[PDB]
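Student: Please read through the structure below; I'll follow up with questions.
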Ligand SMILES: Cc1ccncc1NC(=O)CNC(=O)Cc1cccnc1
Ligand SMILES: Cc1ccncc1NC(=O)CNC(=O)Cc1cccnc1
């Protein structure tokens, strides 16, 4: 028993982190096979970031201008290309620690682990969710760009995020491993304000199920609701609409606990309207939304 | 910017996890050099756990009764001994992935990362704190015993915890790597109730400093207090007393933010007396106490 915000074991990703330097800018790179992936803004100075023309800035760079270091050994760069907002640096050595991997583009509400790195060295691992406004609330300082987000399915690492930007509001923006930003963000130091950070309803419900499985049941009430009635309350509280697809995804948690999804929705509706009244659920005084239904099933069943 | 509950990168510890089976009981072991450390209750059946005589139960076990598997390869056990509540199984092969390591016994209030494992396989990593009542609030299911807690200082892993028990209240108990339980707990399936789970005051203050560094400043007030006045309020709210040693440890955070430790104590005192009023600090509606002052400095400076 017990339920924790849990990241994937990071070892497989640690074996992929490298340091990438271009001129005076140093950030992180991801070494998979004989390619090093990194944010294309490695070629910019902080001044260039105000209004960069990446294609133009890249013409002034050759293979030998990208310095790649894995541990304390230098990798030889034999090619470089820009794919969307990432640079792919072909090196002459395949990463011997390359795990089985995939590049996936996740949907808002999906969670993942981030291995925060500085100078190609891992500092820590934490669990994030892609917010409904396509930002992530991470912990990233100067030099953390190129740190990646991932999920692991047994031995296959699905890379879903690469860190690029910190918006003026202190929230984070980045790309998938094909270099496409999540949301409308751009790799330019300019006014980029985020949209509404709504709560991931399906994740809150999955976490309420985890709370019941772990003995925290005070919030269970004698009511039920419908998707339409629930969604009227959800809109009012800046919660994402719940669809029949979300109800389907919560099916196994409903079956395991004997609590119908719409009954849990009614419990959630009362929590929104009445508040927590100084009480806690799984040690939290707010409704947690960074556990997907799959994460709850995995953690509650011990998936390795 | 941003502040997250962050665990250490777990790779170094993943390379140490093995599966240990004795009869019908399977749990995790920690392989360092040519020794595998595991909870001595691996020799018990669930029935033995009610009132086990470990020395007696151990007489019926030989080296060949301990099955140790690292990945999918079996290790040969050439010796076994009991040290307090852990078994040390000498194997004929030194773990080739043994990191630089130390065995440390931590004090209450200290944080660490847990690599939750099942059948010697890592499932996830999360950050814990040794509670003032010597329990930890982890996420551990059947088969997770032998999972370890650790801190990393650059390349040296300091192992501080090994999982042994889940108390009837769903909180966790375990030992250091010398097999001595933290607190008054025993490896027996019997009534063991935990003491008061007080809040780690020095950790809450360090986290309030992290909140200021990251822009969350609404809670800063126009007051100051003294250690004695603060401690009268702390006692009332089940917060640990704050000592001059804690004030000293918070010195660098006070210097970085220009906020005197006693002023932050006064802010905390008002948060206790007035409540959060529906507001959040670093995305939390309660005062977080599982970040030490050292963790705040590390995360806010990017220590790798
Ligand atoms: C400041 C920050 C913090 C965390 N994560 C990300 C960031 N960075 C940004 O949003 C914007 N980039 C910079 O200001 C620094 C820079 C210079 C030259 C080339 N690339 C980047
Ligand atoms: C039940 C549990 C869950 C999480 N962490 C720990 C535990 N385990 C316990 O507190 C007590 N041990 C058992 O009930 C299981 C067992 C059988 C035979 C030999 N050792 C252990």
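Chains as they are written, first to last, in the entry's author numbering: chain A, 1 to 304; chain A', 1 to 304. A prime marks a further copy of an entry chain. A virtual CB, placed ideally from N, CA and C, is assigned to each residue, including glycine.
With a threshold of 8 Å between beta carbons, is residue 279 of chain A in contact with chain A'?
Tutor: By this cut-off, residue 279 of chain A is not an interface position.
Student: Check whether the Cβ of residue 285 of chain A' lies closer than 8 Å to any Cβ atom in chain A.
Tutor: Judged by the 8 Å Cβ criterion, residue 285 of chain A' is in contact with chain A.
Student: In this structure, does DSSP put residue 31 of chain A in helix, strand or coil?
Tutor: Correct three-state label for residue 31 of chain A: strand.
Student: Starting from residue 10 of chain A, trace the beta strand (DSSP E) both ways and give me its first and last residue.
Tutor: Counting along the chain, residue 10 of chain A falls outside any beta strand (DSSP E), and DSSP gives it neither H nor E.
Student: Start and end of the beta strand (DSSP E) containing residue 78 of chain A?
Tutor: That run of the beta strand (DSSP E) goes 77 to 83.
Student: Relative to ligand 2, is the shortest distance from any of its heavy atoms to the C-beta of residue 142 of chain A' smaller than 7 Å?
Tutor: Yes, the Cβ of residue 142 of chain A' comes within 7 Å of a heavy atom of ligand 2.
Student: Relative to chain A, which residues along the stretch 1 to 16 of chain A' have a C-beta separation below 9 Å, given in chain order?
Tutor: Residues 1, 2, 3, 4, 5, 6, 7, 8, 9, 10, 11, 12, 13, 14 and 15.
Student: How big is the Cα-Cα spacing for residue 186 of chain A' and residue 136 of chain A'?
Tutor: Roughly 15 Å between the two C-alpha positions.
Student: Looking at chain A', which residues of the stretch 20 to 45 of chain A have a Cβ within less than 7 Å of any of its Cβ atoms?
Tutor: Taking 7 Å as the Cβ-Cβ cut-off against chain A', none of the residues of the stretch 20 to 45 of chain A qualify.
Student: Answer yes or no: the CB of residue 169 of chain A versus the heavy atoms of ligand 1, is any distance below 7 Å?
Tutor: No.
Student: Which value, in whole angstroms, describes the spacing of the CA atoms of residue 218 of chain A and residue 276 of chain A?
Tutor: Going from the Cα of residue 218 of chain A to the Cα of residue 276 of chain A covers about 10 Å.
Student: Is any heavy atom in ligand 2 found nearer than 7 Å to the beta carbon of residue 304 of chain A?
Tutor: Every heavy atom of ligand 2 is 7 Å or more from the Cβ of residue 304 of chain A, so no.
Student: Within 10 angstroms of its Cβ, does residue 231 of chain A' collect 16 or more other Cβ (buried), or is it exposed?
Tutor: Per the 10 Å Cβ criterion, buried.
Student: Taking DSSP as the reference, what is the three-state secondary structure of residue 231 of chain A?
Tutor: Residue 231 of chain A: helix per DSSP, three-state reduction.
Student: Check whether chain A comes within 8 Å of residue 166 of chain A', counting only Cβ atoms and requiring the distance to be less than that.
Tutor: Taking Cβ atoms only, chain A reaches closer than 8 Å to residue 166 of chain A', which makes this a yes.
Student: Starting from the beta carbon of residue 115 of chain A', find every residue of chain A whose beta carbon is closer than 8 Å, and list them in chain order.
Tutor: Result: 9.
Student: Answer yes or no: the CB of residue 166 of chain A' versus the heavy atoms of ligand 2, is any distance below 7 Å?
Tutor: The answer is yes for residue 166 of chain A'.
Student: Check whether the stretch 169 to 180 of chain A' touches the stretch 91 to 109 of chain A', counting contact only when three or more Cβ pairs, one atom from each stretch, lie closer than 8 Å.
Tutor: At 8 Å Cβ cutoff, the stretches touch.
Student: Is residue 113 of chain A close to ligand 2? I mean its beta-carbon at under 7 Å from any heavy atom of the ligand.
Tutor: Every heavy atom of ligand 2 is 7 Å or more from the Cβ of residue 113 of chain A, so no.
Student: Counting C-beta neighbours from all protein chains within 10 Å, is the total for residue 115 of chain A 16 or more, i.e. buried, or is it exposed?
Tutor: So residue 115 of chain A ends up on the buried side.
Student: Identify every run of the beta strand (DSSP E) within the stretch 104 to 147 of chain A', keeping only runs that are complete inside it and at least 3 residues long; order them along the chain.
Tutor: Within the stretch 104 to 147 of chain A', the complete beta strand (DSSP E) runs of at least 3 residues are 111 to 118 and 121 to 129.
Student: Could you tell me the boundaries of the beta strand (DSSP E) in which residue 247 of chain A' lies?
Tutor: Unbroken run through residue 247 of chain A' is the alpha helix (DSSP H), 244 to 257; no beta strand (DSSP E).
Student: Quick check: what's the CA-CA separation for residue 153 of chain A versus residue 121 of chain A'?
Tutor: Spanning the two alpha carbons is a distance of roughly 13 Å.
Student: Distance check for residue 5 of chain A' and residue 128 of chain A, CA to CA, integer angstroms please.
Tutor: Going from the Cα of residue 128 of chain A to the Cα of residue 5 of chain A' covers about 10 Å.
Student: Between which two residues does the beta strand (DSSP E) harbouring residue 90 of chain A' extend?
Tutor: Segment 86 to 91, the beta strand (DSSP E) holding residue 90 of chain A'.
Student: Starting from residue 225 of chain A, trace the beta strand (DSSP E) both ways and give me its first and last residue.
Tutor: Counting along the chain, residue 225 of chain A falls outside any beta strand (DSSP E), and DSSP gives it neither H nor E.
Student: Examine ligand 4 and report whether any of its heavy atoms sits within less than 7 Å of the Cβ of residue 139 of chain A'.
Tutor: Annotation note on ligand 4: not contained in the displayed structure, which lists ligand 1 and ligand 2 as its ligands.
Student: I'd like the span of the beta strand (DSSP E) that includes residue 44 of chain A', first residue to last.
Tutor: Unbroken run through residue 44 of chain A': none, as it is neither H nor E.
Student: Please report the straight-line C-alpha distance between residue 3 of chain A' and residue 210 of chain A', rounded to a whole angstrom.
Tutor: Each residue's alpha carbon lies about 7 Å from the other.
Student: Is it the case that the CB of residue 21 of chain A' approaches a heavy atom of ligand 2 more closely than 7 Å?
Tutor: No; taking the cut-off as 7 Å, the Cβ of residue 21 of chain A' has no heavy atom of ligand 2 nearer than that.
Student: Under a Cβ-count criterion, where at least 16 other Cβ atoms within 10 Å of its own Cβ denotes burial, should residue 46 of chain A be classed as buried or exposed?
Tutor: Burial call: exposed.
Student: Do we get a CB-CB distance below 8 Å when we pair residue 137 of chain A with the residues of chain A'?
Tutor: Taking Cβ atoms only, chain A' reaches closer than 8 Å to residue 137 of chain A, which makes this a yes.
Student: Kindly list the residues whose CB is nearer than 7 Å to the CB of residue 149 of chain A, restricted to its own chain and excluding five residues on each side of it in sequence; keep chain order.
Tutor: 112, 113, 114, 128, 160 and 161.
Student: Let me know the secondary structure DSSP gives residue 294 of chain A' once reduced to three states.
Tutor: Residue 294 of chain A' falls in the helix class under three-state DSSP.
Student: Just checking residue 301 of chain A against ligand 2 - is the residue's beta carbon closer than 7 Å to any of the ligand's heavy atoms?
Tutor: No; taking the cut-off as 7 Å, the Cβ of residue 301 of chain A has no heavy atom of ligand 2 nearer than that.
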